[PDB]
>>> print(open('structure.cif').read())   # mmCIF, N, CA and C atoms
data_work
loop_
_atom_site.label_atom_id
_atom_site.label_comp_id
_atom_site.auth_asym_id
_atom_site.auth_seq_id
_atom_site.Cartn_x
_atom_site.Cartn_y
_atom_site.Cartn_z
N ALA A 8 6.32 -2.94 22.47
CA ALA A 8 7.75 -3.14 22.13
C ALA A 8 8.25 -2.04 21.20
N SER A 9 9.52 -1.69 21.34
CA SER A 9 10.12 -0.67 20.50
C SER A 9 10.08 -1.10 19.04
N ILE A 10 10.16 -2.41 18.83
CA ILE A 10 10.12 -2.98 17.49
C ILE A 10 8.73 -2.84 16.88
N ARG A 11 7.74 -3.44 17.54
CA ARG A 11 6.36 -3.38 17.06
C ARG A 11 5.96 -1.94 16.76
N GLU A 12 6.58 -1.01 17.47
CA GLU A 12 6.31 0.41 17.28
C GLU A 12 6.69 0.83 15.87
N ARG A 13 7.93 0.54 15.49
CA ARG A 13 8.43 0.88 14.16
C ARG A 13 7.46 0.40 13.08
N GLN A 14 6.81 -0.73 13.34
CA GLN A 14 5.85 -1.29 12.40
C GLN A 14 4.73 -0.29 12.13
N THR A 15 4.16 0.24 13.21
CA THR A 15 3.08 1.21 13.10
C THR A 15 3.59 2.54 12.53
N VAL A 16 4.86 2.85 12.78
CA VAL A 16 5.45 4.09 12.28
C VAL A 16 5.19 4.24 10.79
N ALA A 17 5.61 3.25 10.01
CA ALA A 17 5.40 3.27 8.57
C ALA A 17 3.91 3.28 8.26
N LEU A 18 3.16 2.45 8.97
CA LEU A 18 1.72 2.34 8.79
C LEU A 18 1.03 3.68 9.00
N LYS A 19 1.06 4.17 10.24
CA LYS A 19 0.43 5.44 10.58
C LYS A 19 0.78 6.52 9.56
N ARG A 20 1.95 6.39 8.94
CA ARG A 20 2.40 7.35 7.95
C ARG A 20 1.68 7.14 6.62
N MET A 21 1.73 5.92 6.11
CA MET A 21 1.08 5.58 4.85
C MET A 21 -0.44 5.74 4.95
N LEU A 22 -0.99 5.29 6.07
CA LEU A 22 -2.42 5.36 6.31
C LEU A 22 -2.91 6.81 6.39
N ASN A 23 -1.98 7.74 6.56
CA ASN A 23 -2.34 9.16 6.65
C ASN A 23 -1.61 9.99 5.60
N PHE A 24 -0.68 9.37 4.88
CA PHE A 24 0.09 10.06 3.86
C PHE A 24 -0.80 10.75 2.83
N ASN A 25 -1.01 12.04 3.03
CA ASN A 25 -1.81 12.83 2.11
C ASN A 25 -0.94 13.29 0.94
N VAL A 26 -0.95 12.51 -0.14
CA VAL A 26 -0.15 12.84 -1.32
C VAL A 26 -0.95 13.68 -2.32
N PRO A 27 -0.24 14.44 -3.18
CA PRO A 27 -0.88 15.30 -4.18
C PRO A 27 -2.06 14.64 -4.88
N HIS A 28 -3.26 14.90 -4.37
CA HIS A 28 -4.48 14.35 -4.95
C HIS A 28 -5.43 15.46 -5.38
N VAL A 29 -6.26 15.18 -6.38
CA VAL A 29 -7.22 16.15 -6.88
C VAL A 29 -8.46 16.20 -5.99
N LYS A 30 -8.96 17.40 -5.75
CA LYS A 30 -10.15 17.58 -4.92
C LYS A 30 -11.37 17.89 -5.77
N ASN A 31 -12.36 17.01 -5.71
CA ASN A 31 -13.59 17.18 -6.48
C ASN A 31 -14.69 17.80 -5.62
N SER A 32 -14.76 17.36 -4.37
CA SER A 32 -15.77 17.87 -3.44
C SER A 32 -15.11 18.70 -2.33
N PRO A 33 -15.02 20.02 -2.52
CA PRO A 33 -14.41 20.92 -1.53
C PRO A 33 -14.99 20.72 -0.13
N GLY A 34 -14.11 20.52 0.85
CA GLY A 34 -14.56 20.32 2.21
C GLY A 34 -14.67 18.85 2.58
N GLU A 35 -13.88 18.02 1.91
CA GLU A 35 -13.89 16.58 2.18
C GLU A 35 -12.50 16.08 2.55
N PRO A 36 -12.40 15.18 3.54
CA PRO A 36 -11.11 14.63 3.98
C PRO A 36 -10.32 14.03 2.83
N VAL A 37 -9.19 13.41 3.15
CA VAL A 37 -8.34 12.79 2.14
C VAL A 37 -8.51 11.28 2.12
N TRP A 38 -9.33 10.79 1.19
CA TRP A 38 -9.58 9.36 1.07
C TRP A 38 -8.38 8.66 0.43
N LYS A 39 -7.81 7.71 1.16
CA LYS A 39 -6.66 6.96 0.67
C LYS A 39 -6.94 5.46 0.68
N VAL A 40 -6.52 4.78 -0.38
CA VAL A 40 -6.73 3.34 -0.49
C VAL A 40 -5.51 2.58 0.02
N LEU A 41 -5.69 1.30 0.33
CA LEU A 41 -4.60 0.47 0.83
C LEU A 41 -4.70 -0.95 0.27
N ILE A 42 -3.56 -1.53 -0.06
CA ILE A 42 -3.48 -2.89 -0.58
C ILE A 42 -2.45 -3.68 0.20
N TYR A 43 -2.92 -4.59 1.04
CA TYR A 43 -2.02 -5.38 1.85
C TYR A 43 -2.02 -6.85 1.44
N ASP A 44 -0.97 -7.55 1.86
CA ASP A 44 -0.80 -8.96 1.55
C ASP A 44 -0.89 -9.78 2.83
N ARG A 45 -0.54 -11.06 2.73
CA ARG A 45 -0.57 -11.95 3.90
C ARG A 45 0.20 -11.33 5.06
N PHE A 46 1.34 -10.72 4.76
CA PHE A 46 2.15 -10.07 5.78
C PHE A 46 1.56 -8.70 6.11
N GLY A 47 1.14 -7.98 5.07
CA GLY A 47 0.54 -6.67 5.26
C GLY A 47 -0.58 -6.71 6.27
N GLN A 48 -1.43 -7.73 6.17
CA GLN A 48 -2.53 -7.91 7.10
C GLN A 48 -2.00 -8.39 8.44
N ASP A 49 -0.86 -9.09 8.39
CA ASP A 49 -0.21 -9.60 9.59
C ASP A 49 0.35 -8.46 10.44
N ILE A 50 0.37 -7.26 9.88
CA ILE A 50 0.90 -6.10 10.58
C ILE A 50 -0.16 -5.01 10.74
N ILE A 51 -0.92 -4.78 9.68
CA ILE A 51 -1.96 -3.76 9.71
C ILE A 51 -3.05 -4.10 10.73
N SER A 52 -3.49 -5.35 10.73
CA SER A 52 -4.53 -5.79 11.65
C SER A 52 -4.11 -5.62 13.11
N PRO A 53 -3.00 -6.26 13.54
CA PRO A 53 -2.53 -6.17 14.92
C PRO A 53 -2.48 -4.73 15.43
N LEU A 54 -2.35 -3.78 14.51
CA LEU A 54 -2.31 -2.37 14.88
C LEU A 54 -3.42 -1.58 14.18
N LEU A 55 -4.44 -2.29 13.70
CA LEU A 55 -5.54 -1.66 13.00
C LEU A 55 -6.68 -2.65 12.75
N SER A 56 -7.89 -2.13 12.58
CA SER A 56 -9.05 -2.98 12.33
C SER A 56 -9.85 -2.49 11.13
N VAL A 57 -10.93 -3.20 10.81
CA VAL A 57 -11.79 -2.85 9.68
C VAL A 57 -12.48 -1.52 9.91
N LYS A 58 -13.09 -1.38 11.08
CA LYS A 58 -13.80 -0.15 11.42
C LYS A 58 -12.84 1.02 11.60
N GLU A 59 -11.64 0.73 12.08
CA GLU A 59 -10.64 1.78 12.26
C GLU A 59 -10.07 2.17 10.90
N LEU A 60 -10.03 1.19 10.00
CA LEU A 60 -9.54 1.41 8.65
C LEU A 60 -10.35 2.50 7.96
N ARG A 61 -11.67 2.34 7.98
CA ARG A 61 -12.55 3.32 7.36
C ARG A 61 -12.69 4.56 8.23
N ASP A 62 -12.45 4.40 9.53
CA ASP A 62 -12.55 5.51 10.47
C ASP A 62 -11.36 6.46 10.34
N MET A 63 -10.30 6.02 9.67
CA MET A 63 -9.12 6.85 9.49
C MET A 63 -9.20 7.63 8.18
N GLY A 64 -10.04 7.16 7.26
CA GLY A 64 -10.18 7.82 5.98
C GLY A 64 -9.76 6.94 4.82
N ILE A 65 -10.02 5.65 4.93
CA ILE A 65 -9.66 4.71 3.88
C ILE A 65 -10.81 4.52 2.89
N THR A 66 -10.52 4.71 1.61
CA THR A 66 -11.52 4.56 0.57
C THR A 66 -11.75 3.09 0.21
N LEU A 67 -10.74 2.26 0.45
CA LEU A 67 -10.85 0.84 0.14
C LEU A 67 -9.59 0.09 0.56
N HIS A 68 -9.79 -1.07 1.17
CA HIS A 68 -8.69 -1.91 1.62
C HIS A 68 -8.95 -3.37 1.23
N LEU A 69 -8.15 -3.89 0.30
CA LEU A 69 -8.32 -5.26 -0.15
C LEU A 69 -6.99 -5.98 -0.35
N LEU A 70 -7.09 -7.29 -0.56
CA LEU A 70 -5.93 -8.16 -0.76
C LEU A 70 -5.49 -8.18 -2.22
N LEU A 71 -4.21 -7.98 -2.46
CA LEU A 71 -3.69 -8.03 -3.83
C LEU A 71 -4.13 -9.31 -4.53
N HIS A 72 -4.41 -10.33 -3.73
CA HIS A 72 -4.85 -11.62 -4.25
C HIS A 72 -6.37 -11.70 -4.28
N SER A 73 -7.00 -10.59 -4.64
CA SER A 73 -8.46 -10.53 -4.71
C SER A 73 -8.91 -9.61 -5.84
N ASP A 74 -10.22 -9.45 -5.98
CA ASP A 74 -10.78 -8.60 -7.02
C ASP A 74 -10.72 -7.13 -6.61
N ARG A 75 -9.77 -6.40 -7.18
CA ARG A 75 -9.60 -4.99 -6.87
C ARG A 75 -10.61 -4.13 -7.63
N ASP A 76 -11.17 -3.14 -6.94
CA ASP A 76 -12.15 -2.25 -7.55
C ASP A 76 -11.44 -1.08 -8.22
N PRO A 77 -12.06 -0.49 -9.26
CA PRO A 77 -11.47 0.63 -9.98
C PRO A 77 -11.74 1.97 -9.31
N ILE A 78 -10.69 2.56 -8.75
CA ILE A 78 -10.80 3.86 -8.08
C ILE A 78 -9.65 4.78 -8.49
N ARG A 79 -9.52 4.98 -9.80
CA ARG A 79 -8.46 5.84 -10.34
C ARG A 79 -8.60 7.28 -9.86
N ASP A 80 -9.78 7.63 -9.36
CA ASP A 80 -10.04 8.98 -8.88
C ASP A 80 -9.66 9.14 -7.41
N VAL A 81 -8.97 8.15 -6.85
CA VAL A 81 -8.56 8.19 -5.45
C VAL A 81 -7.18 7.57 -5.26
N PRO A 82 -6.30 8.22 -4.46
CA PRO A 82 -4.95 7.71 -4.19
C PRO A 82 -4.98 6.35 -3.51
N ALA A 83 -4.05 5.47 -3.87
CA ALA A 83 -3.99 4.14 -3.28
C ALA A 83 -2.66 3.87 -2.60
N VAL A 84 -2.67 2.89 -1.70
CA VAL A 84 -1.49 2.48 -0.96
C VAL A 84 -1.30 0.98 -1.09
N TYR A 85 -0.06 0.53 -1.27
CA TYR A 85 0.20 -0.90 -1.42
C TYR A 85 1.23 -1.38 -0.40
N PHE A 86 0.78 -1.58 0.84
CA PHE A 86 1.66 -2.06 1.91
C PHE A 86 1.73 -3.58 1.88
N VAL A 87 2.67 -4.11 1.11
CA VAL A 87 2.81 -5.55 0.98
C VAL A 87 4.28 -5.98 0.90
N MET A 88 4.51 -7.29 0.86
CA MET A 88 5.86 -7.83 0.78
C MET A 88 6.36 -7.83 -0.65
N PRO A 89 7.62 -7.41 -0.87
CA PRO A 89 8.21 -7.37 -2.21
C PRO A 89 8.61 -8.76 -2.71
N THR A 90 7.70 -9.72 -2.60
CA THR A 90 7.96 -11.07 -3.05
C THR A 90 7.69 -11.21 -4.54
N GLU A 91 8.31 -12.21 -5.16
CA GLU A 91 8.16 -12.45 -6.60
C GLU A 91 6.71 -12.27 -7.04
N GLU A 92 5.79 -12.90 -6.32
CA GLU A 92 4.37 -12.80 -6.63
C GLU A 92 3.87 -11.37 -6.49
N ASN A 93 4.24 -10.72 -5.39
CA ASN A 93 3.81 -9.35 -5.15
C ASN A 93 4.29 -8.44 -6.28
N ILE A 94 5.57 -8.53 -6.60
CA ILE A 94 6.15 -7.73 -7.66
C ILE A 94 5.30 -7.82 -8.93
N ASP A 95 4.69 -8.98 -9.14
CA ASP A 95 3.84 -9.19 -10.30
C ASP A 95 2.52 -8.46 -10.13
N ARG A 96 2.05 -8.38 -8.89
CA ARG A 96 0.80 -7.69 -8.59
C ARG A 96 0.97 -6.19 -8.75
N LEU A 97 2.19 -5.71 -8.52
CA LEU A 97 2.49 -4.29 -8.65
C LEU A 97 2.32 -3.86 -10.10
N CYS A 98 2.92 -4.62 -11.01
CA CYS A 98 2.82 -4.32 -12.43
C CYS A 98 1.43 -4.65 -12.96
N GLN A 99 0.70 -5.48 -12.21
CA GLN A 99 -0.65 -5.85 -12.60
C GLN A 99 -1.62 -4.73 -12.26
N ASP A 100 -1.45 -4.13 -11.08
CA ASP A 100 -2.32 -3.05 -10.65
C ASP A 100 -1.87 -1.72 -11.25
N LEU A 101 -0.57 -1.61 -11.52
CA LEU A 101 -0.01 -0.39 -12.10
C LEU A 101 -0.47 -0.21 -13.54
N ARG A 102 -0.67 -1.31 -14.24
CA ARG A 102 -1.11 -1.26 -15.63
C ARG A 102 -2.63 -1.09 -15.71
N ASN A 103 -3.33 -1.65 -14.73
CA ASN A 103 -4.79 -1.55 -14.69
C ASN A 103 -5.23 -0.14 -14.33
N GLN A 104 -4.36 0.60 -13.64
CA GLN A 104 -4.68 1.96 -13.23
C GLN A 104 -5.90 1.97 -12.31
N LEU A 105 -6.01 0.93 -11.49
CA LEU A 105 -7.13 0.80 -10.56
C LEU A 105 -7.21 2.00 -9.62
N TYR A 106 -6.06 2.59 -9.32
CA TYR A 106 -6.02 3.74 -8.41
C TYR A 106 -5.07 4.82 -8.93
N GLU A 107 -5.39 6.07 -8.63
CA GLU A 107 -4.58 7.21 -9.07
C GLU A 107 -3.15 7.11 -8.57
N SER A 108 -2.99 6.86 -7.28
CA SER A 108 -1.66 6.75 -6.68
C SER A 108 -1.36 5.31 -6.27
N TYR A 109 -0.14 5.07 -5.82
CA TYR A 109 0.27 3.74 -5.41
C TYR A 109 1.37 3.79 -4.35
N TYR A 110 1.03 4.31 -3.17
CA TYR A 110 2.00 4.40 -2.08
C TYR A 110 2.39 3.00 -1.63
N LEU A 111 3.48 2.49 -2.19
CA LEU A 111 3.96 1.14 -1.88
C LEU A 111 4.68 1.08 -0.54
N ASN A 112 4.61 -0.08 0.09
CA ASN A 112 5.25 -0.32 1.38
C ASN A 112 5.67 -1.78 1.48
N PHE A 113 6.97 -2.02 1.45
CA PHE A 113 7.49 -3.38 1.52
C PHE A 113 7.72 -3.83 2.96
N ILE A 114 7.38 -5.08 3.22
CA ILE A 114 7.53 -5.67 4.55
C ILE A 114 8.95 -6.19 4.75
N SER A 115 9.55 -6.70 3.68
CA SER A 115 10.91 -7.23 3.74
C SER A 115 11.88 -6.32 3.01
N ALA A 116 13.17 -6.64 3.10
CA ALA A 116 14.20 -5.84 2.44
C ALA A 116 14.35 -6.23 0.97
N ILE A 117 13.64 -5.52 0.11
CA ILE A 117 13.69 -5.79 -1.33
C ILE A 117 15.04 -5.36 -1.91
N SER A 118 15.38 -5.91 -3.06
CA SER A 118 16.65 -5.59 -3.72
C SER A 118 16.42 -4.76 -4.98
N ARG A 119 17.50 -4.16 -5.49
CA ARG A 119 17.42 -3.34 -6.69
C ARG A 119 16.76 -4.09 -7.84
N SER A 120 17.09 -5.37 -7.97
CA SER A 120 16.53 -6.21 -9.02
C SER A 120 15.01 -6.26 -8.90
N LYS A 121 14.53 -6.73 -7.76
CA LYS A 121 13.10 -6.82 -7.51
C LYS A 121 12.46 -5.44 -7.49
N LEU A 122 13.22 -4.46 -7.01
CA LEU A 122 12.73 -3.08 -6.94
C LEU A 122 12.51 -2.52 -8.34
N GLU A 123 13.49 -2.74 -9.21
CA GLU A 123 13.41 -2.27 -10.59
C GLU A 123 12.13 -2.78 -11.25
N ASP A 124 11.72 -3.99 -10.86
CA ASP A 124 10.51 -4.59 -11.40
C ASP A 124 9.30 -3.75 -11.05
N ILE A 125 9.19 -3.35 -9.78
CA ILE A 125 8.08 -2.53 -9.34
C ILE A 125 8.22 -1.10 -9.85
N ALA A 126 9.44 -0.58 -9.85
CA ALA A 126 9.69 0.77 -10.34
C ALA A 126 9.23 0.86 -11.79
N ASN A 127 9.61 -0.13 -12.58
CA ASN A 127 9.23 -0.19 -13.97
C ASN A 127 7.80 -0.68 -14.10
N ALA A 128 7.36 -1.48 -13.13
CA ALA A 128 6.00 -1.98 -13.14
C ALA A 128 5.02 -0.83 -13.36
N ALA A 129 5.41 0.35 -12.86
CA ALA A 129 4.61 1.55 -13.00
C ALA A 129 4.91 2.26 -14.32
N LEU A 130 6.20 2.34 -14.65
CA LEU A 130 6.64 3.00 -15.87
C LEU A 130 5.85 2.52 -17.09
N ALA A 131 5.35 1.29 -17.01
CA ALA A 131 4.57 0.72 -18.10
C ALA A 131 3.30 1.53 -18.34
N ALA A 132 2.75 2.07 -17.26
CA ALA A 132 1.53 2.88 -17.34
C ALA A 132 1.78 4.32 -16.87
N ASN A 133 2.97 4.56 -16.33
CA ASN A 133 3.34 5.89 -15.84
C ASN A 133 2.47 6.29 -14.65
N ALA A 134 2.25 5.35 -13.74
CA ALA A 134 1.43 5.60 -12.56
C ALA A 134 2.29 6.15 -11.42
N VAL A 135 1.78 7.18 -10.75
CA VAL A 135 2.49 7.79 -9.64
C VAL A 135 2.61 6.82 -8.47
N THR A 136 3.83 6.34 -8.22
CA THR A 136 4.07 5.40 -7.13
C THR A 136 5.25 5.85 -6.27
N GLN A 137 5.34 5.28 -5.07
CA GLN A 137 6.41 5.61 -4.15
C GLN A 137 6.60 4.49 -3.13
N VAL A 138 7.78 3.88 -3.14
CA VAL A 138 8.08 2.79 -2.22
C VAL A 138 8.50 3.32 -0.86
N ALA A 139 7.67 3.07 0.14
CA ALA A 139 7.93 3.52 1.50
C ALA A 139 8.98 2.65 2.18
N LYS A 140 9.29 2.98 3.43
CA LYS A 140 10.28 2.23 4.20
C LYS A 140 9.72 0.89 4.67
N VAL A 141 10.61 0.01 5.12
CA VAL A 141 10.21 -1.30 5.60
C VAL A 141 10.31 -1.39 7.12
N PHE A 142 9.48 -2.24 7.72
CA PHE A 142 9.48 -2.42 9.17
C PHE A 142 9.83 -3.86 9.54
N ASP A 143 9.18 -4.80 8.86
CA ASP A 143 9.38 -6.22 9.12
C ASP A 143 10.77 -6.70 8.70
N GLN A 144 11.57 -5.81 8.13
CA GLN A 144 12.91 -6.17 7.70
C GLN A 144 13.73 -6.72 8.87
N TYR A 145 13.32 -6.40 10.10
CA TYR A 145 14.03 -6.85 11.28
C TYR A 145 13.21 -7.88 12.07
N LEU A 146 11.88 -7.81 11.96
CA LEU A 146 11.01 -8.73 12.68
C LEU A 146 9.93 -9.32 11.76
N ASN A 147 9.01 -10.08 12.34
CA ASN A 147 7.94 -10.69 11.57
C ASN A 147 8.49 -11.66 10.53
#
>>> encode(input="structure.cif", output="structure tokens")
Amino acid sequence: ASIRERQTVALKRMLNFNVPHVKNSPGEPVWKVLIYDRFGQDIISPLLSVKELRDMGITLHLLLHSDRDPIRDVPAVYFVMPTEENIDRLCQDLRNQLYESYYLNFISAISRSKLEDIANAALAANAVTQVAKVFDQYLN
């Protein structure tokens, strides 16, 4: 479907988004982390798997509602829903500095109010973050 396609559009982008990262081992791919939620998995899985996740160059993929590992030396991605709870996880992971980067990706149409929370959620620790486009804003 043309719709389901747009879903992967953002994904394939974030899952490959090579952002300004430091290179320690010359001659090594770009390891990127990902953090998905109930919806995030509801979209990433249908168009991605565990073996494909690591096969694309993922350093770690876990649920915001789980024990996140400390990988400040590797860029991270947060493809989740901008829900009240999620917004709290953003400021929770942003302050912990679990990952160097935080390529955010909202499933629904977040608002300036909720957005400011995540935007500032990082400002608290000054973590490099970037809110990507949404796909489920029309479906899912």
>>> atom_distance(input="structure.cif", atom1="atom C of residue 19 of chain A", atom2="atom N of residue 120 of chain A")
26.7 Å
>>> select_by_dssp(input="structure.cif", residues="segment 21-59 of chain A", states="helix (DSSP H, G or I)", output="count of residues only")
11
>>> closest_residue(input="structure.cif", among="A:96, A:68, A:61, A:13", to="residue 41 of chain A", atoms="only N, CA and C atoms")
A:68
>>> resolve_selection(input="structure.cif", expression="the PyMOL selection byres (((chain A and resi 39 and name CA) around 7) and name CA)", output="MDAnalysis selection string")
chainID A and resid 37:38 40:41 64:66 81:83
>>> residues_around(input="structure.cif", residues="residue 131 of chain A", least_positions_apart="2", cutoff="8 Å", atoms="all atoms listed in the file", output="ChimeraX atom specification")
/A:98,101-102,126-129,133-134
>>> atom_distance(input="structure.cif", atom1="atom C of residue 145 of chain A", atom2="atom N of residue 89 of chain A")
14.1 Å
>>> atom_distance(input="structure.cif", atom1="atom N of residue 12 of chain A", atom2="atom CA of residue 139 of chain A")
16.7 Å
>>> resolve_selection(input="structure.cif", expression="the PyMOL selection byres ((chain A and resi 146) around 8)", output="number ranges by chain")
A: 10-11, 114, 142-145, 147
>>> closest_residue(input="structure.cif", among="A:46, A:26, A:34, A:73", to="residue 108 of chain A", atoms="only C-alpha atoms")
A:26
>>> closest_residue(input="structure.cif", among="A:27, A:53, A:36, A:47", to="residue 86 of chain A", atoms="all atoms listed in the file")
A:47
>>> resolve_selection(input="structure.cif", expression="the PyMOL selection byres ((chain A and resi 138) around 7)", output="PyMOL selection string")
chain A and resi 109-113+136-137+139-140
>>> residues_around(input="structure.cif", residues="residue 76 of chain A", least_positions_apart="5", cutoff="10 Å", atoms="only C-alpha atoms", output="NGL selection string")
:A and (67-69 or 105-106)
>>> closest_residue(input="structure.cif", among="A:103, A:31, A:15, A:93", to="residue 70 of chain A", atoms="only C-alpha atoms")
A:93
>>> closest_residue(input="structure.cif", among="A:80, A:49, A:35, A:74", to="residue 100 of chain A", atoms="only C-alpha atoms")
A:74
>>> select_by_dssp(input="structure.cif", residues="segment 33-100 of chain A", states="strand (DSSP E)", output="number ranges by chain")
A: 39-43, 65-70, 84-87
>>> residues_around(input="structure.cif", residues="residue 72 of chain A", least_positions_apart="6", cutoff="8 Å", atoms="all atoms listed in the file", output="PyMOL selection string")
chain A and resi 42-45+96
>>> closest_residue(input="structure.cif", among="A:135, A:99, A:94, A:17", to="residue 121 of chain A", atoms="only N, CA and C atoms")
A:94
>>> axis_aligned_box(input="structure.cif", around="segment 123-136 of chain A", padding_each_side="4 Å", output="JSON")
{"center_x": 7.5, "center_y": 1.6, "center_z": -12.3, "size_x": 20.1, "size_y": 20.4, "size_z": 20.1}
>>> residues_around(input="structure.cif", residues="residue 91 of chain A", least_positions_apart="6", cutoff="12 Å", atoms="only C-alpha atoms", output="PDB file with N, CA and C atoms, keeping the file's coordinate frame")
ATOM      1  N   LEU A  97       2.190  -5.710  -8.520  1.00  0.00           N
ATOM      2  CA  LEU A  97       2.490  -4.290  -8.650  1.00  0.00           C
ATOM      3  C   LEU A  97       2.320  -3.860 -10.100  1.00  0.00           C
ATOM      4  N   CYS A  98       2.920  -4.620 -11.010  1.00  0.00           N
ATOM      5  CA  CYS A  98       2.820  -4.320 -12.430  1.00  0.00           C
ATOM      6  C   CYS A  98       1.430  -4.650 -12.960  1.00  0.00           C
ATOM      7  N   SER A 115       9.550  -6.700   3.680  1.00  0.00           N
ATOM      8  CA  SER A 115      10.910  -7.230   3.740  1.00  0.00           C
ATOM      9  C   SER A 115      11.880  -6.320   3.010  1.00  0.00           C
ATOM     10  N   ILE A 117      13.640  -5.520   0.110  1.00  0.00           N
ATOM     11  CA  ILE A 117      13.690  -5.790  -1.330  1.00  0.00           C
ATOM     12  C   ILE A 117      15.040  -5.360  -1.910  1.00  0.00           C
ATOM     13  N   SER A 118      15.380  -5.910  -3.060  1.00  0.00           N
ATOM     14  CA  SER A 118      16.650  -5.590  -3.720  1.00  0.00           C
ATOM     15  C   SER A 118      16.420  -4.760  -4.980  1.00  0.00           C
ATOM     16  N   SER A 120      17.090  -5.370  -7.970  1.00  0.00           N
ATOM     17  CA  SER A 120      16.530  -6.210  -9.020  1.00  0.00           C
ATOM     18  C   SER A 120      15.010  -6.260  -8.900  1.00  0.00           C
ATOM     19  N   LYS A 121      14.530  -6.730  -7.760  1.00  0.00           N
ATOM     20  CA  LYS A 121      13.100  -6.820  -7.510  1.00  0.00           C
ATOM     21  C   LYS A 121      12.460  -5.440  -7.490  1.00  0.00           C
ATOM     22  N   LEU A 122      13.220  -4.460  -7.010  1.00  0.00           N
ATOM     23  CA  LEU A 122      12.730  -3.080  -6.940  1.00  0.00           C
ATOM     24  C   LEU A 122      12.510  -2.520  -8.340  1.00  0.00           C
ATOM     25  N   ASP A 124      11.720  -3.990 -10.860  1.00  0.00           N
ATOM     26  CA  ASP A 124      10.510  -4.590 -11.400  1.00  0.00           C
ATOM     27  C   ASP A 124       9.300  -3.750 -11.050  1.00  0.00           C
ATOM     28  N   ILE A 125       9.190  -3.350  -9.780  1.00  0.00           N
ATOM     29  CA  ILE A 125       8.080  -2.530  -9.340  1.00  0.00           C
ATOM     30  C   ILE A 125       8.220  -1.100  -9.850  1.00  0.00           C
TER      31      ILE A 125
END
